[PDB]
Every structure is written in C-alpha cells, then in structure tokens.
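Peer 1: Opening with a subset of the complex:
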Amino acid sequence: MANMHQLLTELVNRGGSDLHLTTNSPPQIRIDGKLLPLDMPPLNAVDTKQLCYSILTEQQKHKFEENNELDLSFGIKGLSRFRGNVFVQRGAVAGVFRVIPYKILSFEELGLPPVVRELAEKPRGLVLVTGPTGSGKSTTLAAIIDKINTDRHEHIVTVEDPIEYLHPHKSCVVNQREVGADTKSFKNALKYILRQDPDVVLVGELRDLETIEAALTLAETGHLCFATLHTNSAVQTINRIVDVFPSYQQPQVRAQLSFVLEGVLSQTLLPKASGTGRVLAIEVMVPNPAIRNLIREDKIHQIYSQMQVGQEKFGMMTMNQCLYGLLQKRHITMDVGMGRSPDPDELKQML
C-alpha cells in the first residue's frame, strides 16, 4: 500500500519527472531527463503485478486482463495528479507513471503571446492547436479553459482518454468524462451532449471522420470547440483538411474556412539551452480580409507568404520567426533551429 505512495513521494521530493517500474531492475526515476535507479531490491513479476493492481478496481482489473494494457489517471490529494500506463513485458507487469502538477501555468509563463489570451474570450468560431503528441498542447488547453472557467459563467464539457488536468469549479460548471470508464466511447458521449446544455467543448483527439463532421456542426451552431490534430503547421493543416473532402466539395471547404476560421495554431517543443525543460515554438495564422480574398481566388500556394508578412499588421508569426526569436534570446541553439526549421532558406533570407 504505502510503498507506491512512498515512491511517488520520493519522486516529488527528489524533483523527479517519471517513475519506471519493471522486472529485474529496482524502481527507477527519470530526473532531468536521465534515469536513476533507487537503492531497493529488484522487482519481480509478482511485485510489479501486485503494485499496479493494488490501485485498480475490479472493473479495471477485468478490462486490463482482457487487453493486457491500460491507460489511466489518478490523484493523490495535496500532492499531484498522475497519468499511468500499465503494460506487459517478458510475461511480467510493467508500468510508467508521469506526474501532473495541480497548478497550471499562465500564457506569460509559457511564453505565449497575448493574442491567444484575447482569443480565449471569443464566444464562437474555430480554434486549431496542432503539433505532434506531447508538444505541450494539453498544458495550453488547461490554461485556456481555466481562463474561461475563471472569467465566464458557462458550461464546459470535456471528454478524455484519460483526463490530463482536473478543473474544479471556478466561475463555470465544468464536467469531465473519461472515455472507457464513465462512457463507452466518444460517439456515445456525443449522442447526449446536446441534451446537456453545453457552451464550450473539449473533444479529445480528432479520432475519425464522423467525429470531425459532428464537431464542425457543433462548432457552427454558436459554440467554441477545441480539438487537436497531429499536423505541424498551418499550411499543412489546411492542406490536410481540404484534401480529405471530395474534390467537388473543396470549394465549399474553401467557403467554410473563409466563413468560420478565427485562428490557427501549430506548436512544437524544442530543448531549452539551459538543459532543463522544453520551450514552445509556434506558427500562428489569423485570417484577414486579404486572406479571405486569397481564399476566394483559390490560391493556397500564396497563403504561407501572407502569414509570413502579416506579423506587424496582425501579429502573425511563422515557426521560423519564433525560432529566430528563441535564438536571439538564446533559448535554443542556431543548429537546433535550423535542423527543425521547415524552410532553412527562408530563415537565411530573413537574416
């Protein structure tokens, strides 16, 4: 019982990030990116199985034994929230546990410019946050929804695979449903959400077509809808979105984007020059009337240049321009910025 609690206590006390439990090794804690083994006996398959199973219900036990894998989250009051993954290797239980602070940092602490914060007060429209998995997206969503929770008296609903942040009540009522335990699926949750009087929705991963169509319909009916994609830029995102539709409907898609878009974000994480932590590099596209005209003229091969030159007028910023700023502030190195720049020649031109 009180051993897993002690391991998590040591992780926090030691300023650790992650706990690893697997057979034939002592428990190990990743500190500042590097693993350190604890001065403890090695776990056997009995140890790992007993430890992970001791904090699960018989429902979770049944489903885990049905699939031999399980993602979950749990909290230790006054300590932290945690994301857990349990799996099997060499016929024995293994586990990885990430810890999750109770306090969500602000846009300023995250290096996010004020326009995203002013976007968090928008009552309708389409906001896209893109980038690969684990690029700080969930942190951004928690900060934005805490801002709305603090400032509005509205209804926020989240659907989660699992919950990555707990949002107790500020000025909004926020309900958070975990997929796989509380509800059978995203689809079942979406079958009832319109009868639950929502205003703002967190939908989790954009898993399939039907969910995209449901969310877009929801989005055009006067709600603020947040969703994620695994695209890495605004241009790549728009191309991905247009090319999924039939050719005859791309004009309509061109019309839809022209009507509903209020902001496009695409974010990535770069190693800090300090060696501890990661820093956000972000491309921002905000449609202006000029861009809406470019949309009307059927030119996507010139939108990237418009976002490249809308910095002073509209606050736009390419990924390379953000990397340039990070280099000027010495948060990242020149080599890393060039190795991750989607167009090194353009940065050379700017220099």
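Peer 2: Here it is on my side, so go on. Numbers count the residues shown, from 1 in each chain, chains lettered A, B, ... in the order given.
Peer 1: now the closest residue to residue A:154 other than its chain neighbours: how far from residue A:82?
Peer 2: Counting by C-beta to C-beta, 6 or more residues apart in numbering, residue A:199 is the residue found nearest to residue A:154 once chain neighbours are left out, at 4.1 Å. Where you see a C-beta, it was placed from the backbone N, CA and C, and this is true even at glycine. To residue A:82, residue A:199 is 30 Å away according to C-beta to C-beta, to the nearest Å.
Peer 1: now residue A:291
Peer 2: From residue A:291 across to residue A:82, the span is 43 Å (C-beta to C-beta).
Peer 1: The two - which one has more neighbours?
Peer 2: A count of neighbours by other C-beta atoms under 10 Å puts residue A:291 above the other of residue A:291 and residue A:82, at 21 against 18.
Peer 1: before we move on, which element is that one in?
Peer 2: Following DSSP states H and E, one finds residue A:291 within helix A:289-296.
Peer 1: other SSEs contacting that helix?
Peer 2: Other helices and strands packing on helix A:289-296, by 3 or more C-beta pairs under 8 Å, 6 or more residues apart in numbering; DSSP states H and E, are helix A:250-260, helix A:303-308.
Peer 1: with the structure above as the base, add chain B:
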Amino acid sequence: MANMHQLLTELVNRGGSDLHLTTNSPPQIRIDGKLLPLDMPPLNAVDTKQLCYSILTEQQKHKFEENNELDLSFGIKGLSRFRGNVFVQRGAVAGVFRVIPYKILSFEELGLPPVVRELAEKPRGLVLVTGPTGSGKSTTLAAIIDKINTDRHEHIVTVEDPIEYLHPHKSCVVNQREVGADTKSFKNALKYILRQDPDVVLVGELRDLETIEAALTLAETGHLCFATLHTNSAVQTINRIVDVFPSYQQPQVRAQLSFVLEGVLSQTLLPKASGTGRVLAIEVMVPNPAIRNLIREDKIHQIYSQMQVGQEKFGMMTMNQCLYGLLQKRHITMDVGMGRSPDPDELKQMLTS
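Peer 2: Putting chain B together with the chains above:
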C-alpha cells in the same frame, strides 16, 4: 426527491432555462443564457444519485446502469414539462434539465414586425428562420404554428430532434414526430411525408443537401416549408445553400430558390442594456423580381446592397438597421451593437447621418 420539486420550482419561478446538477458545485441555473449558482450547499454523490434515481423505473435503473447515459422527458402536472439528461462524469452522476414551457409568446410580444405575420399567411413558398442555438428559433416557429393552427384549416406535421413545444389541436390537425423515437431519421420522415397529404411541414435543421432537395420539391409542390439554419446573416445563408452543390449544379438550384423563396429571417438574441433579458435583432430579406433575377444570375455579392436599400420600397431590413432602432430605443448599448455588427463602418455612416 421531495426537494427536487423545489429545485425545478426555483428554475421555473426565476424564469431560468436550464438546471445543472453536479458534485462540488451548487446547482446552477441558466438565466438569459448565463449560469448563476444558487445559494445552496454543493451536492455530493449521495445527493446526486438519490435525486436522479428518484425519477427512474427499475427498467430505467437497468438501462442507466447499462449505459451511464439517459435522455428522457417528463412532466410535472400543473407546472411544466422538462427534458432531462442524466450521465456520469468524474465517476459520479451529473444531470442537466431543460424546461419545456406550456405558454407560447405572441409575435407582437417578441418585437417582431408585422411582415413576419403576413409571411405566416403565405399559401406557398420557402420561409427560413436562422441563427445560433437558443436565439429563439423554436419559440418563434412554434408561435407561427399556433397562428396557423388558429387561423387556417390545414394539416400540421412536425419532424423534430427532439420534440420541444407541444401543440394540441386548435383549428388544425397536428401530428408531431420525434426523430429517434417516432421515426428513424429525418430521411425516413421525408421518405413518407408526401403520402401524408400535408400543407405545412417542420423539418428541423436543414442538416444536409438531400433534405434541401426535398425542401425545394416541397416548395415547388404548393407548400409553405419551414426549416432552420445556423447562419448569422442572409448572404452567408444563401452562399451556404448554393455552395453545398457542385459548381455545375448551382445554376438550377439558384433558379429554384429564386422562384420559391418568399422570406429569409436571421435572428439573434442580444443582452439587454438593462442587464436583465435579451432582445432579438433580426435581418429580413424578401425577394423582389430584381432579387430573384440576381439569384438566378449568380451575383450574391450585391444582394446585401439590395437589402441595404430595400428598406423604403419593400420593408426589408438589415441586421444593422434593426440594431440601429434598438440603439435609438436604448434597448442595447452602442458598444454591443458595434461588437456584433458585421460592418461597423456602415453603422457609423447610418449614425453620423
């Protein structure tokens, strides 16, 4: 249970729209679209479970425990009907309950000009009431229902997602079909609606093209067809309808709409300057021969201008002109109108003039 009646009583008495029940929050009531928490202790899991379980049958207990979800509606005699949804979040039961009023407001009471009333007397054509969710569309439509029911000897059929307003019979026969219970889909209702000898049809949301084609056939077969859309302006509405079809088919669709369309209304509830209640600002486009020709000629980009100048001739009215009247009447503030105006410069021209 015995306090639940009082919770619904507080919701009704305060004129609230929705009751929200969840643990670690007091009950919260939506008033004029915005939540206000009540001065009560937060609910715990025992409270929420006992309250939600108090209105379920044992078969409902089985079904709720099977799915952790339930949509339902129920009535409390002498009070109101309600649509309830019960679900589970954070491992605990939560619930949201919307009210279903017995009383329909009138056209005059809503601040709607007489032209909507004259449009409700049209024997045929297409009439659209659009806008965001909760902008009064279902209430407005239900009022037109009751007006026709009172004044005409015709046939009322509704196709609904879910059923909202309940219409007993006045001078019409009224049959009401709820999607997902009474009929499999909007599509199935349209598959059988023409064999029911209708005069008046409620189709719910114009969710896709196939229903639009059905509506054009309905409009051309001698009926007055009502449907809803979630657009925020007349131009956006027409563009959305045309752009759904392939480019090569837009000419015939534009001609059909130009022929059968008799009115498009797009309405929005705005916060009152007093801070209590909301008022509808609504733009109305009624086609004249010139407008029908421009629709036929594929020149969307100037129809707004005809509405901008069709005030004196045809009783047309842009959203900004309605907002102008509300501002002159001090119903709303200048900043709110400018904040929602799709063209603040036009409002400035109208104001300085």
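Peer 1: Go back to what packs on helix A:289-296, now with chain B?
Peer 2: Under the contact definition 3 or more C-beta pairs under 8 Å, 6 or more residues apart in numbering or on different chains; DSSP states H and E, helix A:289-296 sits against helix A:250-260, helix A:303-308.
Peer 1: Can you point out the buried residues in the first one?
Peer 2: Within helix A:250-260, the residues that count as buried by 16 or more other C-beta atoms under 10 Å in any protein chain shown are A:250, A:251, A:252, A:253, A:254, A:255, A:256, A:257, A:258, A:259.
Peer 1: same question, stretch A:263-275
Peer 2: A:263, A:264, A:265, A:266, A:267, A:268, A:269, A:270.
Peer 1: Likewise for stretch A:219-231?
Peer 2: Within stretch A:219-231, the residues that count as buried by 16+ other C-beta under 10 Å are A:219, A:220, A:221, A:222, A:223, A:224, A:225, A:226, A:227, A:228, A:229, A:231.
Peer 1: Endpoints of it, how far apart?
Peer 2: One end of stretch A:219-231 to the other measures 20 Å (C-alpha to C-alpha, to the nearest Å).
Peer 1: and what of stretch A:47-59?
Peer 2: This stretch, stretch A:47-59, spans 21 Å end to end (C-alpha to C-alpha).
Peer 1: Tell me if that stretch is near chain B.
Peer 2: No: under the criterion of C-beta under 8 Å from any C-beta of the partner chain, chain B is not reached by stretch A:47-59; the shortest gap measures 10.0 Å.
Peer 1: and chain C, same structure:
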Amino acid sequence: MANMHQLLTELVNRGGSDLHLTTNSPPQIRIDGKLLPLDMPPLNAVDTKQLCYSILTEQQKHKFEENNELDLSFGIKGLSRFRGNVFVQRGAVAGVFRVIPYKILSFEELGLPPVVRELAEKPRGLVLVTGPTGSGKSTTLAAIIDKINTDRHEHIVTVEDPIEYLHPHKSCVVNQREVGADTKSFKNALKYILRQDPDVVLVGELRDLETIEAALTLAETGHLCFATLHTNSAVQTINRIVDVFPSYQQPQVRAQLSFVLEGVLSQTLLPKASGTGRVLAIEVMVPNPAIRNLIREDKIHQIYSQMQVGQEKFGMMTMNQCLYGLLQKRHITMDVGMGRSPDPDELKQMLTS
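Peer 2: Once chain C is put in with the chains from before, the structure reads:
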C-alpha cells in the same frame, strides 16, 4: 371493422379526398381542400391502434412495429381502393388515407394532347413521365396502361411500391408485383423480369443507376419501358440522368439515350383559377433529329433553343407554353403562372399576346 367502413362510407358520400386518424382529435375530413371534424369524440391511442391495426396482417403487425412506417394499398370491394400511410406521433399510431377510384380517366378527359395517345401505340423506345410525388403521374400511367390493355394483345408487367391503380384484364395479360409482398425488392424483380416475356414494363421509381441500366437495356431491345423521375423539366431531367454516369462512360449513355428515347413528360398540378379542382401543366419533349444531333455534338446548352422552337414541328411544348394556353383560356391566374414559370420574363413576353 364496420366502423372504419362507416367512416369511409361518409368519406365517399361527402366527396372527400382523405381520412385522417390521430390522437386527441376526432377524425377529420378534407372537403374541397379544407378539414372538417366529424361529430365524434377525439381519438386516443387505443382508438387509433384498433382502427389502424384492423387492416394489417400479422406479418404487417410485426413489420409496422419494426419500422414505425408503412405505405400500403388495399381495396374494399364495390367501393374503392385506398392508399394508406401509417406513422407514429406522441407514442401512438396515426394514419392518412387517400382514395383510389375504380374508373381511370382517359387522356382527353385529362386535357392531354393527342400525342400521348399516339405514344401509347409505340412498338419500342423509352417513355418518361416525371414530376414530384403525387403530381398526377400514376393517373397518366394508369391511363396509358388502360389504352395498351384495350388495344394490344401484349404483356404488361408493373412493379410498384405500393400498387396504386388496379388494372384488370382487357386485351392484355397484366401481372402486378408489390415490393415487400409479391417481390423482395425492385432489384430482385429486375433479376427475373427478362424470363417473364414482357412487352411493356412498369418499374416504379427510378431510384438508382442499376435500375437505369436495366431500363436502358430493355428500351434498346425492343421493349416499352416506363419510368419516373422527380424532376420538373426536360433539361433538368436530361442533366440529372447524364450526370450520374462516369465522365468516360457519358458518351455511350448519351448515344443510348439518343437512340432509344421516344418521349419525356414532366408534370405539375396547379390549383384551378375558379378555386375548385386542379389542372395539369406538362412539359413534353419528343426527340427530333436536331436534338439527337445536339446529344451527339455535346451541346446540351442548346437543347433549350430546340425546345423553344419545337412546338409546330414535333408537337413539343414547354411547361410555360402549356401554362400559357391555360392562361389564354383563363384557366389559371397570372400570379400562379409567374410564380411557377421557370422563366417569368419569357412568360411575360408570351403574355404580350
């Protein structure tokens, strides 16, 4: 039982066109378009269930309870046939019933020009009668059936969902298959139709490509093929038909249609100017060498010009030209004609005359 029969007796006696049965209203009947309630108590769910169930089979009981929808037809000997539609509202059964006379009117009684009568004698080709649902198409089809039945010793087969007009034997042998009872589907009927030695075939609605391919093969092989569309004009019909094929296969289909097509009709029903009865307006296209060439030349944009000039030569007539004739004879008003004209300015020019 004998109560529905008595209600139907009152329906016939009063010249009514439809019986409506639904809860919380007494049965109501349409006389000259307007409903009148019978002096009876309002129905409840028990009443509607017993009345609607009295004309269903046990498999129909299972089926209605399986789908909550049912279109059907049935006959009462010595009185009339009826088309029924059953649905559900407020959790209870509801029904609408239209009546079906034993005697089919002739072409001349309907005001149809002599060319349709000459068309009933065609040995081969494709004949299309189009218009929306309940626009009088089936009555025209039944008249053509009766003309062939009277004059030829050939085999007429109909496939219907449901069977509407009943045709007993005159000079032909007539086999009529109802989808869902006599045959599993239109597709299943078409799988076996070539082994039934037909000369003339009724296929019901042209809902998809596969039936179209069956009909084109029949029409090319020396058979008379009848089909319906819900289109409102010749140009709209041809465009709808062409655009369903792949672009690479559009040439062959254009050639087939250009070869086998012998007539396309598109109906509409308008209220008579007197305020009693309805009058048929029909656009008729009979291919001439110029139109067949236009098909070969890929100049569909020019068919309208051929339709504009084919009145005297081929007996063709646009919808506006038929409405024009109804207008000169004062059968319809200017407002109905203009509100229905696909080109009101053209109708204006004709109204110069």
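Peer 1: back to what packs on helix A:289-296, now that we've got chain C?
Peer 2: Right, helix A:289-296 is packed against helix A:250-260, helix A:303-308 by 3+ C-beta pairs under 8 Å, 6+ apart.
Peer 1: For the last one, buried residues please.
Peer 2: If you call a residue buried by 16+ other C-beta under 10 Å, then helix A:303-308 has these buried ones: A:303, A:304, A:306, A:307, A:308.
Peer 1: Chain C: which of those is nearest?
Peer 2: For the buried residues of helix A:303-308, the closest approach to chain C (C-beta to the nearest C-beta) belongs to residue A:303, at 30.5 Å.
Peer 1: For that closest one, give me its contacts.
Peer 2: Listed by C-beta atoms under 8 Å, 6 or more residues apart in numbering or on different chains, the contact set of residue A:303 reads A:235, A:238, A:285, A:291, A:294.
Peer 1: out of those, who has the most neighbours?
Peer 2: residue A:285 (27 neighbours; other C-beta atoms under 10 Å in any protein chain shown).
Peer 1: Quick check: that residue touching residue A:257?
Peer 2: No: look at residue A:285 against residue A:257 with C-beta atoms under 8 Å: they stay out of range, at 10.7 Å.
Peer 1: Now the residue of the stretch 1-150 of chain A found nearest chain C: closest residue in space, sequence neighbours ignored.
Peer 2: In the stretch 1-150 of chain A, no residue comes nearer to chain C than residue A:126, which is 32.5 Å away by C-beta to the nearest C-beta. With C-beta to C-beta, 6 or more residues apart in numbering or on different chains as the criterion, residue A:126 has its nearest non-adjacent residue at 4.8 Å, and that residue is residue A:260.
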